[PDB]
Structures are given as structure tokens and as C-alpha cells.
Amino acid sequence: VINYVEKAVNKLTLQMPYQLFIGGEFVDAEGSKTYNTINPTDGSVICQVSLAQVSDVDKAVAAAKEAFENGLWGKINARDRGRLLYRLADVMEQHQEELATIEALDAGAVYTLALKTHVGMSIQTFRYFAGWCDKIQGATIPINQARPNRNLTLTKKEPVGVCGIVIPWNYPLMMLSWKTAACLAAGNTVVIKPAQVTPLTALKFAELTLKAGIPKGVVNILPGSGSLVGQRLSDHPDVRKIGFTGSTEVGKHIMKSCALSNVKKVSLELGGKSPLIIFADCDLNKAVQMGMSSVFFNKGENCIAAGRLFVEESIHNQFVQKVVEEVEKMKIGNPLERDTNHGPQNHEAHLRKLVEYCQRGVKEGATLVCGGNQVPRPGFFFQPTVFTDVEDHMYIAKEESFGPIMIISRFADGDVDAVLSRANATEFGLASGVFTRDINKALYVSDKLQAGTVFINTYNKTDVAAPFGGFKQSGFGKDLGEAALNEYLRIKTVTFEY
């Protein structure tokens, strides 16, 4: 029997595993060490969670290695691997309300949104990649023939082997799902390290892999610290690939660690300062709706959030007025209240960073139009914030807040290349967007934006089939889409002479 933290909430009885998941079983960490996970709605302790030690990382990797090399996962047909991943998606769907509730509790995700996105997209991710398993194909290649003999050259796509994945805290289940689905679809086994502050949906997911009949050791989950657990994963001689999403400084470190151990493969998604360019010829009311969403979606805790809005001179003031009108209509509160628009920030230290980010924005001369502070109420709520008169040299024009902070600059009527230059003048390159009714501007601007994703007349429109990843210091490699699979496969060339 699995030990649960039990909690009657949201019309449900949540049953929440809290231990490490190694070789298909939930087990205490070395020395039964634990830590507290904190509810951001009221600052309370949800429960104690096992705190993985180095010896636990080694056990997880050994279980993953054994599962890949000798266990069933390495022997079944691609098609049957596919069936298991579909079945996993089904099981996640059967538990979707419970998962969304756990996410509401652990990450402060608004319940209605956690259902549709955090959980709904996770389900879609597994179903999408499940369909790839038997459609991953190599090549036959018309090489020059060693006359009078003949040659056949083919490629085989093969799994990389044991993978480590390090997840951030903003969408705990969904980031896990993005990377894990592609990893498992390609035939690998995995050790997953969730963000220390958000372990609960990952551990509930682990239990769901058991219900789905995923062979023991294919998935291992180790709550605990990046600098202990994540570090050992990057150093481990039996791990052949790291998939990472998080900050630029940690991504750099992780890549360095992959280098110094055994040149394991690495993919990096490192956040952004993504620009949204709104032209005077756009649909204005839509621009306001999508611009708001571009910033405030999931309380700003969103890798692709627009970190700067460039609004054409002649519509700037009307744009700002409408935004203020819309912001005042936002309902802030408990993520379980069904009319909540804006939930709390993920954890305390992030709230403090947002407070300091906004103090700095004011200090350096930007105009604070709304917000900029903690909402007085228990937990870690931050006021939806609007800054105008933001200039290109300012800190808040360069640094990613990862909070609900709209950062607006004007640009000159009928200038296009000039605004592009300012939009591209970051070392980040994750996402971007443009609002305009003009086909020629939209196409030209999408060509010129230096960003892995460009939205046109929409924002936050990700899709499990559409590859997502950064340029420049936003990193490299894709999650989602066919392209994600290539991070998790190797190519063997086989050349016959006959």
C-alpha cells in the first residue's frame, strides 16, 4: 500500500504520495529526510515531502538503467510503447480534477485553468507523443557504390538511453509532461527532478504511471534540491542526456556539468524577454484582450509571457486606458473560487523578487500605472501591474520578471525597422508577437523577430504539435512537435557492401 497525504478539498478526497519514486515504488529518502511544501494561497504547510540525497539519485539512475537495458520497456514494440503512453494519458484524464486540484494547492494555479491547461495540455501531450512511437523512421540513402560491388546504407533511430529531466515550478505537471512524453515516446527511461517548491503533481503522476502499467524503473521522480539532485543527474556517468528548463545561469551550469562528466546531450529552455509589437492598424479591443493575456496568464509565471509591449504612438494612450479598465475587472483570490481570474504567485521568494523588481522599475523612472505591490491578504498575491514610459536602457526593459507586470513602450507611427531593432536588442530569444491587420507588416515582422516563436494576432497559442524552444541565450532544442523527438533519439548509420 502507498502512503498518502489525504486532504478533503474541492469536493474530493485527494490522495497525495509524498515520497521518492524509485524502481516503481514510493520510498523514503536516505535518513528519512524531508522538507515542507507550502500552499501559496495561505502560506500553510501542505505536507512533508521526501528530500532526495545523492545515494537516492544513484538508485534512481540504476533503476532507469536496468529498466532500459534489461526490462520490458526496452523489448516491446514501438507500437506497444505507444499504447502504454496513450493508456497513461487516459489514466491522467480519469484523474484530471484531482491533478488540477493538487496543482491549485501546490502551485497556486487557478483551478479552472489548471483543468484546461496544466492538466488538459499534459493529457494532449501524452496522446500526441504516443502516436509518434511507431512513426519514428530512419532512412535509406543512395550512396556511391564501391563498384563492381554494391552498397546499402540505412539509418536507424534509436533511444539515447537514461535521461535526466529538470523541471521548473511555474507549470509543474505540464512542463513535466512536455519533456517526459517525448522522452518516453522515443523509448528512453527517465529520472525526473521536479522543482523543489512544487513536487506534488509530479509524485501523483508517478503513481499514475503504476496504474497505467508503465514498467518499473522507466519513470523515477526525485523531489529535492537542484544543487544536490539536479547536479548529481548532470554529473552521473550513466545518464546520457539532460533536458532542462529554468533560468539562464542554472542552464549554463547544467551544460558545463554535462561537458565535464561524460559529454551527455543537453537541451536548454532558458526563459525570455519576449516582445509584443502592437500596431495602430490592429483590432484594438482584441489587442487589449490578448495583450493582457500575454502578461497576466498564469499570474505571469509563464516562460513565453510578453516581457515588453511596444505600442504604436497613435494608439498608446487608448490602449493603456482600456488595459486599466480591464485590470480593474480582474478578480484576485483563492484558486479554487470559480470566478478567480488571478491567483497567488507560486512561492514566497518569488513574491519578494516581484516586489523588488517593481521598486527598481519606479526608481529608474518608469511610470507605475497599476499595482507594483503584494496584495494585502494571506498567502503570496501580487497586484497585477502596469508600467508605462519604459525606455530601452531600463532594467525592467531588459530583465524577465516572471510576474504579472505589463511593461509598455511607445514606438513611432509608421516606423517598423526601428521598433524591430528595439524588440531584438536582448540576448534572449524565446517568444514574440505582433498585432496588425496588415498582411505585409505581419509577414515582414515575423521574418525579422529573433525569437523561436512568433505569434501573429494571438498570444500564448502553444500546441502539442508545434515545436517550442529558444534562440540565443534562451537556449536550444525543442519541446513539443516532431522536433522534440530528435533531442531524445540518436541516429545509427549502417552501411553494407555486397
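Numbers follow the displayed sequence, beginning with 1.
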property	result
Mean C-alpha temperature factor, higher of 231 to 239 and 76 to 84	231 to 239
48 to 56 versus 464 to 472 - which carries the larger mean C-alpha B factor in the record	48 to 56
Selection by C-alpha B-factor (highest) of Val320, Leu99, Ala202, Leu309	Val320
Per the PDB entry, maximal CA B factor within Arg422, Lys331, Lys299, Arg127	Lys331
For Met121, the third of its chain into which the C-alpha B factor falls	lowest
Record-listed C-alpha B factor of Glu103: chain third	lowest
Ranked C-alpha temperature factor of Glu399 among modelled chain residues, by third	middle
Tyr171 - Cα temperature factor, lowest/middle/highest third of chain	middle
CA B-factor placement of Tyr35, once the chain's modelled residues are sorted into thirds	highest
